[PDB]
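First, one chain by itself: the form deposited in one PDB entry, in structure tokens.
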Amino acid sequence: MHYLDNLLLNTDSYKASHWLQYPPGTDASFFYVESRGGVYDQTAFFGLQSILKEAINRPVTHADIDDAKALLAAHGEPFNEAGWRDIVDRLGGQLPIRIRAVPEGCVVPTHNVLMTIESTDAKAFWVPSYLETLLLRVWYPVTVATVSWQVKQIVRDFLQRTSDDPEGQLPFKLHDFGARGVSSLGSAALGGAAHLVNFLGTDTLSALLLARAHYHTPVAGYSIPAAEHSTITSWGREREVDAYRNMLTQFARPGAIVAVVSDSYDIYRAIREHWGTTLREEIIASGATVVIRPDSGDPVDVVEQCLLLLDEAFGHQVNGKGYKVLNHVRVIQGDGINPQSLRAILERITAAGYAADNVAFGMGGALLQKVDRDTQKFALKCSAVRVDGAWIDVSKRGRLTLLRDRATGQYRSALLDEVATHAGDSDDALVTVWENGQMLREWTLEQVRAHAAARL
């Protein structure tokens, strides 16, 4: 990625000449980030720590300026060469900004300050605006973390009603399969880590690498061996049961979990005859759990059909809450899953008397790629500048922060002046996470996961 290792070019073109647009005598600038609404009423704030670590990873250099000046000139943009040289020569190439943010993992209602960015040097007051492009991409990890968090609340509800161990089951019920469906490796890593705020199951190895490098977590998630259509069908139709038996031979051990896509030829026959008759005793003797995966048919209907046929072959127990738990086998549905279809499946199977323990869900592109900056109407806005020594407002206005009520937990946005006058009942909910080149507050993924305490 060394070709992209120049912070001065990690911006929109027109920002190269933007400093010339401020009023004469401008001395400082203040910006905030918020969700202005969208699909969900609240957002799980995540990813700013990774953005800052990766995008601002070294001092700016004179060679950075040389390359940027030449490229921008031929590209058609003026460039503040003298201003950047001053940052290199006088400020050590460190950016004079202060960033404050709500602790990552907190879930905050929309229309609220989530981050603020302020200039810390009078001559280089324009730096916050230069960083708008790379900082506003925080919309992506926030939105993925929010989608994942919203799904977690849905599953938790049905597990509460129908399972004897809701919180033991819950972290494995949404599995991220989206690395092939997202637009970049870097997006897979950050989007996948955003899912891991809420769940433990992932096939996005890049998310483990980002969690290890940026969130102090050596092993942030887990997965299982799983068959693909192409390995099954390479055996030939006549050897479908041998392909399945090989999955057991390689991977079925006591306590192990193994997923097998079972619709290469006919999933009803696969369950009734191959798994449920020919291989049944081998599965029982393995001590393993076999997870059946449909990959065709109506997503809701086929999950219920699978549970019924698996029940007929393997039996069930009834749990403390009166719901059936299949013996030795589970179902995972990755096809056609969104929060609406996921809730529909859970509604269908619990109404048929099956515990939500029996099923798990996969999302791929619907989680990592079918999100955009408008999903939660993300915005980064200038709220105040200092001109001739006086702070001037630029409907949210002035130097702002986020407050949290100590008794109710409710959030609201406020002027910084009111942290003192409202020291009763409310605390400042933002913390300073980055200032003048120094990251000042780091979270572990464990801490982020603890914050994501939020229910609704």
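Under this definition, the rigid core comprises the largest set of C-alpha atoms superposing within 1.5 Å between the forms. The first residue of the sequence shown is number 1, and the count goes up from there.
Subject >> Other PDB entries, at least a third, lacking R343 >> reply: Counting only entries that model residues on both sides, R343 is resolved in every one of them.
**OP:** Please establish whether a third or more of the other compared PDB entries omit coordinates for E273.
**Re:** Yes, left without coordinates in at least a third.
**OP:** Check the residues of the deposited sequence separating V394 from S395 and report how many of them have no coordinates, as none, 1 to 3, 4 to 9, or 10 or more.
**Re:** The entry leaves 10 or more residues without coordinates here.
Original post:
Relative to the deposited sequence, how many residues with no modelled coordinates occur between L8 and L9 (none, 1 to 3, 4 to 9, 10 or more)?
Top reply: In the deposited sequence, nothing is left without coordinates between these two.
Subject >> Given 258-266 and 280-288, the range whose Cα B-factors average higher in the PDB entry >> reply: According to the PDB entry, the answer is 280-288.
Original post:
For the C-alpha atoms alone, is the average B factor greater in 50-58 or in 401-409, going by the entry?
Top reply: Comparing 401-409 with 50-58, the higher mean C-alpha B-factor belongs to 401-409.
Original post:
Looking at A356, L210, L71, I232, which has the highest CA B-factor as recorded?
Top reply: Of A356, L210, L71, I232, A356 has the highest C-alpha B-factor.
**OP:** Could you say which of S184, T350, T133, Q150 has its CA atom at the highest B factor, as listed in the PDB entry?
**Re:** Result of the comparison over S184, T350, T133, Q150: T350.
Original post:
According to the PDB entry, is the CA B factor of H274 in the bottom, middle or top third of its chain, that is, lowest, middle or highest?
Top reply: CA B-factor rank for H274: middle third.
Original post:
Where does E228 sit by CA temperature factor within its chain: lowest, middle or highest third?
Top reply: As the PDB entry reports it, the C-alpha B-factor of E228 lands in the middle third of its chain.
Original post:
Among the modelled residues of its chain, does the C-alpha B-factor of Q340 lie in the lowest, middle or highest third?
Top reply: Top third by C-alpha B-factor.
Subject >> Third of chain Cα B-factors occupied by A220 >> reply: As the PDB entry reports it, the C-alpha B-factor of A220 lands in the middle third of its chain.
**OP:** Place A414 in the lowest, middle or highest third of its chain's C-alpha B-factors, as listed in the PDB entry.
**Re:** Tercile = highest for this residue's CA B-factor.
We do not show the form deposited in another entry, though everything after this point is about it.
**OP:** Quick one: lay the two forms over each other on the core and tell me which of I345, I267, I117, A252 moves its CA by at least 2 angstroms between this form and the one not shown.
**Re:** Between the two forms, the residue that moves is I267.
Original post:
Would the C-alpha of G334 be classed as shifted by 2 Å or more between this form and the one not shown after rigid-core alignment?
Top reply: Stays below the 2 Å threshold, so no.
Subject >> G276 C-alpha moves between this form and the one not shown by 2 Å or more, core aligned >> reply: Indeed, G276 is displaced by 2 Å or more.
**OP:** Since the Cα separation of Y265 and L326 moves by 3 Å or more in that other deposited form, tell me which way: closer or farther than here.
**Re:** Between the C-alphas of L326 and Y265, the gap narrows in that other deposited form (3 Å or more compared with this form).
Original post:
Considering a change of 3 Å or more, are the Cα atoms of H274 and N327 closer or farther in that other deposited form than here?
Top reply: Compared with the shown chain, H274-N327 is farther in that other deposited form.
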